[PDB]
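Quick note on PDB author numbering: the sequence shown kicks off at 1 and runs consecutively.
Yeah, the Cβ is synthetic: ideal placement off N, Cα and C, and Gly gets one too.
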Amino acid sequence: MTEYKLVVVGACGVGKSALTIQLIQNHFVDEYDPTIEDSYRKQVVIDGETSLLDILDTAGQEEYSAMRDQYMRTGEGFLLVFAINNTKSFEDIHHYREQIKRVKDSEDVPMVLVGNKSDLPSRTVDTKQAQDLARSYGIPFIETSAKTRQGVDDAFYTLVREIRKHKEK
Ligand SMILES: *[C@@H](Cc1nccs1)C(=O)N1CCN(c2nc(OC[C@@]34CCCN3C[C@H](F)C4)nc3c(F)c(-c4cc(O)cc5ccc(F)c(C#C)c45)ncc23)CC1
Ligand SMILES: Nc1nc2c(ncn2[C@@H]2O[C@H](COP(=O)(O)OP(=O)(O)O)[C@@H](O)[C@H]2O)c(=O)[nH]1
Ligand SMILES: [Mg+2]
């Protein structure tokens, strides 16, 4: 069976855990310990192909050991998550893209920009800004809400389609 290694990255509090649990369980978690970093597996059918998605939900203290670089290097695709009500989380996206570029030693790594918490009215990052950033990186932009499940399957399934496009090159 085909297997895809996906990694969910972004600032603390953006909804990485909430998005992962929404994809895995179809339930919204109000509280998920921000120190818990773990991987989950879900069997899905995407465009007729059965596959196992192994999703690493990053968390815990920010550190950069060589062991952590090697663990991130195993990721085939990354969701760059920011929250639409947190400008600092959007400003931090460049850091996450640079760290992916550094450990993968590549300019062409499958990624999707995800603007989470789209259910909140307290927007501080406009959709146009996020679309321009994703255009500058050559990647898709998807608006999500882990609370209502808006865009959740689209974010993960779009990342799987980007990994498929990369494996074809
Ligand atoms: C919060 C978890 C909490 N623990 C306790 C209380 S809350 C959470 O979800 N986190 C914490 C932050 N993590 C993390 N943070 C960053 O950068 C954060 C910023 C903001 C403070 C200063 N620092 C630099 C920038 F200004 C942004 N970067 C992380 C990071 F890059 C990696 C990591 C590590 C290595 O070795 C390689 C690597 C390669 C690709 C990657 F995508 C990432 C990632 C992510 C890599 N790990 C954690 C980082 C995690 C989330
Ligand atoms: N309204 C709303 N709250 C969310 C959403 N996603 C996450 N949250 C909340 O934001 C907080 C941080 O979410 P969490 O998944 O722990 O973020 P992480 O640190 O990136 O793993 C929690 O209180 C979640 O319930 C979302 O899309 N909408
Ligand atoms: Mg978390």
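Using a cutoff of 6 Å, the CB of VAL152 does not count as near ligand 2, since none of the ligand's heavy atoms is closer than that.
In the structure shown, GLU37 falls within a coil segment according to DSSP collapsed to helix, strand and coil. For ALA59, the shortest separation between its Cβ and any heavy atom of ligand 3 lies below 6 Å. Under the rule that a run must span 4 or more residues, the alpha helix (DSSP H) segments found entirely inside the region 45-123 read 66-73, 87-91, 93-104. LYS169 has its alpha-carbon roughly 31 Å from the corresponding atom of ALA11.
In this structure, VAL112 lies near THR158, with their beta-carbon atoms less than 7 Å apart.
Between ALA83 and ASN116, the CB-CB gap stays under 7 Å. Cβ atoms of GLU162 and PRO110 come within 8 Å of each other, at about 4 Å.
A residue is called buried once 16 or more other Cβ atoms fall within 10 Å of its Cβ, and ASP57 is buried on that count. Of the heavy atoms belonging to ligand 3, at least one sits nearer than 6 Å to the Cβ of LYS16. Residue pairing by DSSP places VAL9 opposite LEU80 in a beta bridge. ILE100 sits buried, since 16 or more C-beta atoms from the chains shown fall within 10 Å of its C-beta. For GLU143, the uninterrupted beta strand (DSSP E) segment begins and ends at 141-143. Shortest gap from the CB of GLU107 to any heavy atom of ligand 1: 6 Å or more. Residue burial is scored here from C-beta neighbours: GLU91 has fewer than 16 other C-beta atoms within 10 angstroms and is therefore classed as exposed. For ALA146, there is no enclosing alpha helix (DSSP H), as DSSP gives it neither H nor E.
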